[PDB]
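A.B. asks: My sequence and its experimental structure, below.
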Protein chains: 2
Amino acid sequence: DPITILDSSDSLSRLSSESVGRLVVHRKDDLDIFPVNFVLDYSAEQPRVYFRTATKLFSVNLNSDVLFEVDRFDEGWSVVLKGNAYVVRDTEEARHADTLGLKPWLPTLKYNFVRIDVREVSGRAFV
Amino acid sequence: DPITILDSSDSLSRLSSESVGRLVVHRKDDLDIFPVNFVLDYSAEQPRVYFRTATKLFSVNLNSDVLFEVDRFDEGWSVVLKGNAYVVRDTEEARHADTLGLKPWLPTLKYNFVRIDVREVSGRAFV
């Protein structure tokens, strides 16, 4: 009654309307979470999220298994993605990620894109 | 350079200025995260967070070990608490939690308070 399960399309549209999300990471049982500017990309067979990492926040020793979350609250809603996050590597894919409209950083900070391959989408509204 | 570590007092004041936060829970490696209205309580030897649970979002089979996160982003900041979350039990403590100014729910939804005993506070600002 107080929790409405959203459909996947609704969930992804609403996630798409925000530009800041939270990545939840873990190395075994230590967990951490941090906000990032992201974009949702639809261009492959499955939804993908890209974000940048300048900081050792997302490191190769963290599990690739992550959650990514967006919300808006007061009633409210949240969307949780389950997936696997990887630094990008493909010269063509970095170039592609760079056309998606992430906010430019200071032109001096070197960075990598991280791609999240989305396994699951869960949206909820709470009233 | 892009990450300023905040002091604990700053971190807790900023967390205290918001009324919505995110609980990160886990049962082994499955993780979930959900927003809740919370209040920060200072009245014991350590900081405590209270929130309500109407929904099976926070269940006794989830580990008591949790993170609790508040942020504000664009620059931005986030505060992550590490701790242990328990349903309240003490007739005196429920009564006390009820004076802290959490938003009233619909008068029909039965609920419990959950208390987070805070082990660690991490605040960060990102520029």
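C.D. replies: Sure thing, it's come through. Residues are numbered from 1 along each chain as shown, chains lettered A, B, ... in the order given.

A.B. asks: C-alpha from now on. contacts and neighbour counts both.
C.D. replies: OK.

A.B. asks: Write out the residues of chain A neighbouring chain B.
C.D. replies: A:2-3, A:20, A:28-29, A:31-35, A:37, A:55, A:67, A:69, A:71, A:73-74, A:78, A:80 (C-alpha under 8 Å from any C-alpha of the partner chain).

A.B. asks: Okay, and which of these map to strands?
C.D. replies: Members of these lying in strands (criterion: DSSP state E): A:3, A:20, A:31-35, A:37, A:67, A:69, A:71, A:78, A:80.

A.B. asks: Which two among these are spaced furthest apart?
C.D. replies: Farthest-apart pair in these is A:3 and A:37; separation 27.3 Å (C-alpha to C-alpha).

A.B. asks: Specify which residue of the two has the higher count of neighbours.
C.D. replies: More crowded of residue A:3 and residue A:37, by other C-alpha atoms under 10 Å in any protein chain shown: residue A:37, with 17 against 13.

A.B. asks: Not counting its neighbours along the chain, what's nearest residue A:109?
C.D. replies: Leaving aside its sequence neighbours, residue A:109 sits nearest to residue A:54 (C-alpha to C-alpha, 6 or more residues apart in numbering or on different chains; 6.6 Å).

A.B. asks: Quick one: residues contacting the nearest residue to residue A:83 once chain neighbours are set aside.
C.D. replies: Closest residue in space to residue A:83, ignoring its immediate chain neighbours: residue A:118 at 4.4 Å, by C-alpha to C-alpha, 6+ apart. Shown in contact with residue A:118 (C-alpha atoms under 8 Å, 6 or more residues apart in numbering or on different chains): A:46, A:47, A:48, A:49, A:81, A:82, A:83, A:84.

A.B. asks: out of the residues you listed, which is most surrounded?
C.D. replies: Within the contacts of residue A:118, most neighbours by other C-alpha under 10 Å means residue A:81, with 25 neighbours.

A.B. asks: Please verify my assumption that that residue contacts residue A:49.
C.D. replies: No: at 9.5 Å, residue A:81 does not count as touching residue A:49 under the criterion of C-alpha atoms under 8 Å.
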